[PDB]
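Starting off, we have a lone chain in the form deposited in one PDB entry, written out as structure tokens.
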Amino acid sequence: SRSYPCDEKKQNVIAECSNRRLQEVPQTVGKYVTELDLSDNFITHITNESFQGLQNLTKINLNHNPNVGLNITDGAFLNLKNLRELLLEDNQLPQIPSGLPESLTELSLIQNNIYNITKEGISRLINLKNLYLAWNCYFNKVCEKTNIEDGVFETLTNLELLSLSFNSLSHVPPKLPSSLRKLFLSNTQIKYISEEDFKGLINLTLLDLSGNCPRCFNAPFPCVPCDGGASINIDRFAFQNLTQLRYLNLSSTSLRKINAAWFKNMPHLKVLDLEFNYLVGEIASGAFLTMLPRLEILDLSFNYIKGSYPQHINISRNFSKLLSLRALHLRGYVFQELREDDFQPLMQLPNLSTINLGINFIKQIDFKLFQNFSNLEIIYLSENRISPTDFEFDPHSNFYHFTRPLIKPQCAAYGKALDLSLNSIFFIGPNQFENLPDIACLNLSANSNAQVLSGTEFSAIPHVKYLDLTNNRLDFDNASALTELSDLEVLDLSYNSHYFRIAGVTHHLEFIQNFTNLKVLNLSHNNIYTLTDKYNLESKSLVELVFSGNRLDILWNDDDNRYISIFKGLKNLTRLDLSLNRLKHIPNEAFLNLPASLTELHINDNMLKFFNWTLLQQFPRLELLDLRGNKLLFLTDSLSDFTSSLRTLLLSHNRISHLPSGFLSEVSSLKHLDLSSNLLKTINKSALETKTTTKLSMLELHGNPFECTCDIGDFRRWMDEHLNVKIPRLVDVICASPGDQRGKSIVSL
């Protein structure tokens, strides 16, 4: 049938029931459901009856109930004989619930109020593979020191992952099972790591001891250093028997000195995180660098000496021993100048593909040094000074750094990438790119660049294919701009509105036609409303034009003809975005002059009161039409007369009060119709008049003010009979009248 209140669907069966304002566990769930997600509802109480007839559930998620404490009686879950993954995060739980099923393999209890880790609660769960207990007591939270009953984990003999981070521990719990692979103990106020602490865990691949004896200067959180800001104290033989270790996080442990012999017996170490320490000394001289022959990722970010600004970065020769190194991060070291000889030790590494020098206030760089490298793919120099919920930190993300790729992947994919974003390159000199290697992806966003590009500024790197010049203040006064880059495929000129705003300066966009291979052009949020000389955009190649956040309302205004064909010369164009252009009306001749090659057309978030549906006869490839967030007052009754290509029609956030007789099913093409957040109070039988298939497989109707009287029943039978038409969010397809039905789903009466 049609499931309510959850949306149920099957994979190699999952009832997503989240964020639905549910007051208690709905009882109408399907029977063959394996994975239920009740996250973000308003459930206050779980008992042994809440999931009575669903013994085929292997996964329940009750995270963030009740959002804006959750009461769970003992053994509530005890009957669920297949339950393996139980997620109870962010629930103000005061203790680990009693009587959890011996079946559990995964138990998350992140972001609760649990300070007593106890055998009664945990020792029964001998199938546990992952247990997450992070973030129950941290920062200035009002909470107790955490109590870990002795030997509480030693039963958990297939335990592979244990996370106790952001809890007050003081010391590494004794008696962990040697099954452990991943041990997270970040920000647990442990000052001292003894020889005994992990002697037994011979399978460990990840150890996280970060933020114990933190470096607190400029902490974005309440930060409590060890006494005299001292180093975490790691015993000489603490990592002796950790032969399988692959991931070592030692960020913010106030390290000044690394004991090289710590790495003696972990020659498979792949990822070493050493951010926010005091290692300027160790970076220039460290022995430990010789002990890391398989290391792929080394993170030394934010080791700057406070108030210190050395002229040069000082890199030990021993970096030349890091033969497997793939990515080196050296943000926040802070130094003025980068010279060829400062990086000799890295030049011979065969796999060094990422070098990250973000946020170092670098003033000058000798670009020729990147030339002398095996296979640099990513040169990240963003944010230097080159010149011509309810909690703040995601419990599931890295705490010390953003985890996203450095360069957008769609740019990096083209080849070698140079990111000079967020510098002070306000003008591109004639030699600013001399001695660079053959860059394919270049980022110059947010340099306050205010110049007049003219066909020569990129001569030294003519093979750029993806060029980001967003958030600058370019002065488009020359028609040869960027014409030197004849392989250019993607050009992003978003947020260069500064000069476009000014009537009196010129604005030349002619250079666009000069590329034989330009595919994607983003002119968004430029406030374009007047151009000089040539009023039209032209390209034989261009496939996608993004023109959001401009002033087509002025370009196409009734008293001016000059821009009536503005986009017509884009002969290859399939995708066009005209959103956010304050259009109240589009002149018919202007709509007719959009390229007939369009398959996708967005005019969302404007101000349209009317739309000439007849004009779609001229767009025989048009598959997606998006008119969301306008003021449209009705629809045409003749849609099938005007297109046989349209598959998706998005009409949400408009003012439609009536759906025409023979609308739904007369148009063969249409798969997906979105009428959410309109002014429909019913749907007439006659709009449901049916042909073939109807082909409609998705119809959105949430947010309309349906009159839930016996009038609607025609539509209800229709839904009942056309179960191939997915209606999402049934709990939001709600009745506005009369008062007895007000606020309920239309499906529930």
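Numbering starts at 1 and follows the sequence shown. Between two forms, the rigid core is the largest collection of C-alphas that superpose within 1.5 Å.
In what follows, reference is made to the form deposited in another entry, a form of this protein that is not presented.
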{"item": "Core-fitted Cα difference of 2 Å or more between the shown form and the other one, single residue among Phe547, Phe611, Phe476, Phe335", "value": "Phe476"}
{"item": "Shift of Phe263 between the shown form and the other one at or above 2 Å (CA, core fit)", "value": "no"}
{"item": "Core-aligned C-alpha movement of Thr506 between the shown form and the other one, 2 Å or more", "value": "yes"}
{"item": "Rigid-core frame, C-alpha of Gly307, shift of 2 angstroms or more between the shown form and the other one", "value": "no"}
{"item": "Direction of the Cα shift between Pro220 and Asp40 in the other entry, where the change is 3 Å or more", "value": "closer"}
{"item": "Sense of the change in Cα distance from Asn593 to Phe500 in the other entry - at least 3 Å versus the shown form", "value": "farther"}
